[PDB]
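In structure tokens, the next block holds one chain alone, the form solved without ligand ADP.
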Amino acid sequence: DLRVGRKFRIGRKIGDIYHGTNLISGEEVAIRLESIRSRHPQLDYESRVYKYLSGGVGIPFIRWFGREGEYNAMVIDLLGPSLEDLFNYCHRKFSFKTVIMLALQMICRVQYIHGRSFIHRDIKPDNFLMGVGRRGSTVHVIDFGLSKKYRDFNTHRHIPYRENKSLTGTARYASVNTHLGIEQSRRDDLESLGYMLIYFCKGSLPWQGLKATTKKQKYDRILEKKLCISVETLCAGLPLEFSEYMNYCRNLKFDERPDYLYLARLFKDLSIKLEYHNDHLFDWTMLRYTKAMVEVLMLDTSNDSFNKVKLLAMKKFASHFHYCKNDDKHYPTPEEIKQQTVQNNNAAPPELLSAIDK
């Protein structure tokens, strides 16, 4: 039949991950499957790391794992869409408030994972998922297949410094040290997270879309950009905190303990200056709500519908929606940024505008 770990039942694909259901309590879960004849198995390891990290905020709870039939199975918390998904939903650009709120959580998660002697080594928007329903306010971390100890569990002795390492894993968010074949450590997780943030803020990274004849060549093309672009150019249009974060991560030593509190204070102090409340009201939350209230379709016609729904949201919630301007060459001050609140309330179809107010 289709039962896993005594009390669980496989449903439709998601998806080798399937919808699962606890047969005793009726709770929805997720179930990952892996053929026991795989050339390279990942699932058991990922399951054991999940177990080792169990109990950490934002770390999915593994309900069961073991061998079932001719498969390895993993039963775990059912989660929502990825940050990449929500990035796309918001048409590939996040507000400052959203990026700040995300950076704050993601710095906490990474700090926890590091506290359990592990480095993720595949930090990227796809590996952070919000929860389902009411837990949709919490950022979760997944895909620990490439994860790895960075120190002894008992002696906290850091792994030794190595070179000539192939790139793991995704090149867009890989640190500069990873490109140079250096052994990864804690700094590299944080550095990728920095690239995530700039990516979110500005809508892309300047080393996207590159083509090459070979795999190493593309890697080296990306590296050349990561290495030859100034942090000023890279964080143009961003408050100084983003440049500070990146400068900080690039100056960390191989075995150095990151000051996570300092990094968190960067964005927290910034939020206060930009008058943002940590109310877990994300961009997509407000956009979704505004579209819900609109559905004035005949006037929405006179991506165009989204742009207008985005306008109605930026009008309703003027104080929340500040964006980075890519034409900017400088870092904006909090006051320069907040001027967008006034211009947001200045967004001019009167029936649309009235339906907003209603």
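Residue numbers run from 1 along the displayed sequence.
There is another form of the same protein, the form solved in complex with ligand ADP; it is not shown, and what comes next is about it.
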May I ask you to state whether residue 188 is within 4.5 Å of ligand ADP in the entry with it bound, using heavy atom distances?
no
Is the gap between residue 10 and ligand ADP in the entry with it bound 4.5 Å or less for some heavy atom pair?
no
Find out whether any non-hydrogen atom of residue 310 is located within 4.5 angstroms of ligand ADP in the entry with it bound, and reply yes or no.
no
Taking heavy atoms only, is residue 183 within 4.5 angstroms of ligand ADP in the entry with it bound?
no
Candidate from 222, 252, 142, 113 lying within 4.5 Å of ligand ADP in the entry with it bound - any heavy atom:
142
Only one of 324, 30, 314, 53 comes within 4.5 Å of ligand ADP in the entry with it bound by heavy atoms, so just point that one out.
30
Given that the partner is absent here, state which listed stretch (285-293, 325-333, 30-38, 63-71) has heavy atoms within 4.5 Å of ligand ADP in the entry with it bound.
30-38
In the entry with it bound, residues of 201-234 near ligand ADP [heavy atom within 4.5 Å]
none
